[PDB]
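J.: Dumping the structure here so I can ask a few things about it.
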Amino acid sequence: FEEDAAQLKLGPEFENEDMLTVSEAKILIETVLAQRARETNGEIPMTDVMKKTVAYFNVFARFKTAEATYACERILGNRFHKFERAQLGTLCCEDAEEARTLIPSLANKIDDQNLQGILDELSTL
Amino acid sequence: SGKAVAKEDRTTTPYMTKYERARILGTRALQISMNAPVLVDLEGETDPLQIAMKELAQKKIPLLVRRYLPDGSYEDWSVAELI
Amino acid sequence: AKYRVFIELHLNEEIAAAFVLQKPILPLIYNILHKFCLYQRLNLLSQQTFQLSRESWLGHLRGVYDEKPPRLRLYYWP
Amino acid sequence: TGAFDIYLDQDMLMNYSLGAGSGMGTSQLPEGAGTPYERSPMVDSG
Amino acid sequence: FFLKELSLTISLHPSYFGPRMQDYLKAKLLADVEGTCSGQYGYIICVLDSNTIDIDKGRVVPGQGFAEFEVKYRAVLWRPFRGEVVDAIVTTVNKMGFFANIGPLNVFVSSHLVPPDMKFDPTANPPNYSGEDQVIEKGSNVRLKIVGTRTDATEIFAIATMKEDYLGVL
């Protein structure tokens, strides 16, 4: 029935939900682990799913810091499209023309000038 | 279509019904029979039910009763509440 | 040294925290005074209980200082 | 006798008549009840 | 990646009623859902236990002696969808395509979906797909655009291409 790509299309519930960020996601994961360790015997198998994530997460640390994430958040703001948001903060770089290509759903969603300004702030961050 | 009812504004009878006693004792029986946390000083019994009855007498037994109304709403009662 | 460090520190620190708010103020300090030293009494007495339990004379008698808020169990002979 | 259902008064088992914070009697891991300087939520909300 | 609310039922056993059930229910939940995957929600990375953990119910079973505890929880899940662009980590390189890897999901980049500038070199020290200076070996995260996804047995699998602009070596 629904197996498109869009263009912002697909499951309704998932669409409604907000796509978690990469760096922020990893931070939250870390936080979660810390809360669990609070009274552990030692070990706690991380299965196979954990390993992979642990690697990908670290290999994509777009904000190796607890404040980096907050800075990023501050920089952002306007929702627009959860997906698009998390996507823009997961890719990075750099020009407008490139933004549309990656996210065609941006068509007449946002201008340019602004975009450029955001990229510069990220590169410096 | 449930609705749930206020633990403060309960309608039904404060006393425990002929049938309920029979169902509760039936229920804890199975529970204890299934090695379960017994909630009163073991008098020295053997019968997973004759024990449950020791509990009932002292109203020291878990389990609650959801009394569905015709509406579709319900009420929850505590064994210690009932009579 | 270290006692006068870490103790007096947070003492005076949260005394200043007491200045931050509407006044109790001194009586709380007066409480914490007897509090700490009498806790220290609790484990002097506990160490006494191990003066008896860890060594002479005999065992079974005890006064272990539980991790709970403070307690000393003077369990005897069976 | 089948015209009602049953659940559990967890409340009783919880507060149930009486009735601490350590972690160094062997378990290499530590603890301290739960106040060594750490939060939670907040970050999540952000 | 998403942070969503999911449900799950825990069917507890009399033996574990004790006075700290709450803990048991939580421990059982983490074990049953974490690491699992579904086509509907995808990979259930982990559950945001604490604060975001509701424990409703429950109603004991008539002929079983077990009670069912419904549980609402917040979790981090990883569900992919056709058309999404993601960074992946190349694992293997065979004259059959590119066996990348994103997080916990496995993405396969059919050779037919790779530009004609990346010839396959099996003689080169470590089998790779260079062009074209750009060299993609078993250590170079590439950018792909999911073309199609599938869900066979809770597990998910889709194919990505490198045909569009701004895709490929990273």
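Quick note on naming: the chains in the structure tokens go A, B, ... in the order shown, residues restart at 1 in each chain, and ligands are numbered from 1 in order of appearance.
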Write out as a PyMOL selection string the residues lying within 9 Å of residue B:1, counting only C-alpha atoms and excluding same-chain residues fewer than 4 positions away.
T.: chain B and resi 71-73
J.: Just the residues within 10 Å of residue A:76, please, counting only C-alpha atoms, with nothing from its chain fewer than 3 positions along; format it as an MDAnalysis selection string.
T.: chainID A and resid 70:73 79 85 89 118
J.: Check which residues of chain C sit at most 10 Å from chain D using only C-alpha atoms, and return one row each with the closest pair of atoms and their distance in Å to one decimal, ordered by chain and rising number, as a Markdown table.
T.:
```
| residue | atom | partner | partner_atom | distance |
| --- | --- | --- | --- | --- |
| C:66 | CA | D:20 | CA | 7.7 |
| C:67 | CA | D:20 | CA | 5.1 |
| C:68 | CA | D:20 | CA | 4.4 |
| C:69 | CA | D:20 | CA | 7.8 |
```
J.: Can you pull out every residue within 12 Å of residue B:30, counting only C-alpha atoms, but drop anything in the same chain fewer than 4 positions away, and send it as a count of residues only?
T.: 24
J.: Which residues are near stretch 34-43 of chain A? Cut-off 10 Å, only C-alpha atoms, ignore same chain within fewer than 6 positions. Put them as a list in words.
T.: residues 28 of chain A; 21, 22, 23, 26, 27, 28, 29, 30, 31, 32, 33, 34, 35, 36, 38, 39 and 40 of chain D; 48, 49 and 50 of chain E
J.: I need the alpha helix (DSSP H) residues of chain A per DSSP on the backbone, written as an MDAnalysis selection string.
T.: chainID A and resid 12:16 22:37 49:58 66:75 82:91 96:102 113:124
J.: Please return, as number ranges by chain, all residues of chain E lying within 12 Å of chain D when only C-alpha atoms are considered.
T.: E: 3, 12, 14, 16-23, 48-52, 55-62, 65-69, 74-76
J.: Using only C-alpha atoms and a distance of at most 8 Å, pull out the residues of chain A that contact chain E, as a tab-separated table (two decimals) with N, CA and C atoms, in the first residue's frame.
T.:
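What ended up in out-v9.tsv:
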```tsv
chain	number	residue	atom	x	y	z
A	3	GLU	N	4.55	2.41	0.18
A	3	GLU	CA	5.97	2.07	0.09
A	3	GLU	C	6.73	3.07	-0.77
A	4	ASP	N	6.38	4.34	-0.64
A	4	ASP	CA	7.03	5.40	-1.41
A	4	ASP	C	8.26	5.93	-0.68
A	5	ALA	N	8.80	7.04	-1.18
A	5	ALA	CA	9.97	7.66	-0.57
A	5	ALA	C	9.71	9.12	-0.22
A	6	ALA	N	9.18	9.87	-1.19
A	6	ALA	CA	8.88	11.28	-0.98
A	6	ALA	C	10.09	12.03	-0.45
A	17	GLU	N	5.71	11.21	14.68
A	17	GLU	CA	6.85	11.15	15.58
A	17	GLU	C	7.99	12.02	15.09
A	18	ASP	N	8.86	12.43	16.01
A	18	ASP	CA	10.00	13.27	15.67
A	18	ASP	C	11.28	12.44	15.56
A	19	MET	N	11.96	12.56	14.42
A	19	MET	CA	13.19	11.83	14.18
A	19	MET	C	14.31	12.31	15.10
A	20	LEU	N	14.77	11.42	15.98
A	20	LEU	CA	15.84	11.75	16.91
A	20	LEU	C	17.14	12.06	16.18
A	21	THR	N	17.96	12.91	16.78
A	21	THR	CA	19.24	13.29	16.18
A	21	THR	C	20.30	12.22	16.42
A	22	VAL	N	21.39	12.30	15.67
A	22	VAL	CA	22.48	11.34	15.80
A	22	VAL	C	23.27	11.57	17.09
A	25	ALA	N	21.02	11.63	19.99
A	25	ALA	CA	20.57	10.25	20.23
A	25	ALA	C	21.61	9.49	21.04
A	29	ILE	N	21.41	7.88	24.78
A	29	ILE	CA	21.76	6.47	24.99
A	29	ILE	C	22.73	6.35	26.16
A	32	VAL	N	21.11	7.01	29.44
A	32	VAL	CA	20.30	5.83	29.78
A	32	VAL	C	21.19	4.77	30.44
A	47	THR	N	24.53	-7.29	23.49
A	47	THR	CA	24.06	-7.96	22.28
A	47	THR	C	24.89	-7.56	21.07
A	48	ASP	N	24.28	-7.63	19.89
A	48	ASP	CA	24.96	-7.27	18.65
A	48	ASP	C	24.52	-5.89	18.17
A	49	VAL	N	23.26	-5.55	18.41
A	49	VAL	CA	22.72	-4.26	17.99
A	49	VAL	C	23.48	-3.11	18.65
A	50	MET	N	23.88	-3.31	19.91
A	50	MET	CA	24.61	-2.30	20.65
A	50	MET	C	25.96	-2.00	19.99
A	52	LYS	N	27.18	-2.41	16.94
A	52	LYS	CA	27.02	-1.64	15.71
A	52	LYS	C	26.78	-0.17	16.00
A	53	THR	N	25.72	0.11	16.76
A	53	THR	CA	25.37	1.48	17.12
A	53	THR	C	26.55	2.20	17.76
A	55	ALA	N	29.53	1.88	17.39
A	55	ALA	CA	30.51	2.23	16.38
A	55	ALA	C	30.00	3.37	15.49
A	56	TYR	N	28.85	3.14	14.86
A	56	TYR	CA	28.25	4.14	13.98
A	56	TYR	C	28.06	5.47	14.71
A	57	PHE	N	27.59	5.39	15.95
A	57	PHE	CA	27.36	6.59	16.76
A	57	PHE	C	28.65	7.38	16.95
A	87	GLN	N	17.68	15.12	9.50
A	87	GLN	CA	18.43	14.80	8.29
A	87	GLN	C	19.49	15.85	8.00
A	91	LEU	N	23.62	15.09	8.02
A	91	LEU	CA	24.43	15.15	6.81
A	91	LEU	C	25.51	16.23	6.92
A	98	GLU	N	22.62	22.03	-3.02
A	98	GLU	CA	22.87	20.70	-2.49
A	98	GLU	C	21.76	20.26	-1.54
A	101	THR	N	18.70	18.98	-3.50
A	101	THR	CA	19.03	17.68	-4.09
A	101	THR	C	18.83	16.56	-3.07
A	102	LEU	N	19.42	16.72	-1.90
A	102	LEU	CA	19.31	15.72	-0.84
A	102	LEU	C	17.88	15.64	-0.31
```
J.: What is the atom CA of residue E:124-atom CA of residue E:106 distance in Å, reported with one decimal?
T.: 25.4 Å
J.: I'd like the neighbourhood of residue E:91 as a PDB file with C-alpha atoms, in the first residue's frame, where a residue qualifies if any of its atoms comes within 8 Å (using only C-alpha atoms), though same-chain residues fewer than 5 positions away should be ignored.
T.:
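And here's part_37.pdb as it stands now:
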```
ATOM      1  CA  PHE E  98      28.977  -2.928  -1.765  1.00  0.00           C
ATOM      2  CA  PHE E  99      28.136  -4.515   1.590  1.00  0.00           C
ATOM      3  CA  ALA E 100      27.793  -1.320   3.626  1.00  0.00           C
ATOM      4  CA  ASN E 101      26.318  -1.092   7.125  1.00  0.00           C
ATOM      5  CA  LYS E 138      36.524  -1.715   3.322  1.00  0.00           C
ATOM      6  CA  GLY E 139      36.884   1.557   5.217  1.00  0.00           C
TER       7      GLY E 139
END
```
J.: Go through chain B and flag each residue having an atom no more than 12 Å from chain D; for those, report the closest pair of atoms plus their distance in Å to one decimal, using only C-alpha atoms, ordered by chain and rising number, as a Markdown table.
T.:
```
| residue | atom | partner | partner_atom | distance |
| --- | --- | --- | --- | --- |
| B:17 | CA | D:1 | CA | 9.5 |
| B:18 | CA | D:1 | CA | 8.6 |
| B:19 | CA | D:1 | CA | 5.0 |
| B:20 | CA | D:1 | CA | 6.5 |
| B:21 | CA | D:1 | CA | 9.3 |
| B:22 | CA | D:1 | CA | 7.5 |
| B:23 | CA | D:1 | CA | 6.5 |
| B:24 | CA | D:6 | CA | 8.1 |
| B:25 | CA | D:6 | CA | 11.7 |
| B:26 | CA | D:1 | CA | 10.6 |
| B:27 | CA | D:6 | CA | 8.7 |
| B:28 | CA | D:8 | CA | 10.7 |
| B:31 | CA | D:8 | CA | 11.8 |
| B:37 | CA | D:13 | CA | 10.2 |
| B:38 | CA | D:13 | CA | 11.1 |
| B:39 | CA | D:13 | CA | 8.9 |
| B:40 | CA | D:17 | CA | 11.8 |
| B:59 | CA | D:12 | CA | 11.1 |
| B:60 | CA | D:12 | CA | 8.8 |
| B:61 | CA | D:9 | CA | 8.6 |
| B:62 | CA | D:9 | CA | 5.1 |
| B:63 | CA | D:8 | CA | 3.8 |
| B:64 | CA | D:8 | CA | 5.1 |
| B:65 | CA | D:6 | CA | 4.6 |
| B:66 | CA | D:5 | CA | 5.4 |
| B:67 | CA | D:4 | CA | 5.6 |
| B:68 | CA | D:4 | CA | 6.5 |
| B:69 | CA | D:4 | CA | 9.7 |
| B:70 | CA | D:3 | CA | 11.3 |
| B:74 | CA | D:4 | CA | 9.7 |
| B:75 | CA | D:4 | CA | 10.3 |
| B:76 | CA | D:6 | CA | 8.7 |
| B:77 | CA | D:9 | CA | 8.9 |
| B:78 | CA | D:9 | CA | 6.7 |
| B:79 | CA | D:9 | CA | 8.5 |
| B:80 | CA | D:12 | CA | 9.5 |
| B:81 | CA | D:9 | CA | 11.1 |
```
J.: When you draw a straight line from atom CA of residue A:44 to atom CA of residue A:63, how long is it in Å?
T.: 26.7 Å
J.: Let's see if you can do this: from backbone DSSP, list all strand (DSSP E or B) residues in chain B, as a list in words.
T.: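 Answer for chain B, restricted to strand (DSSP E or B): residues 64, 65, 66, 76, 77 and 78 of chain B.
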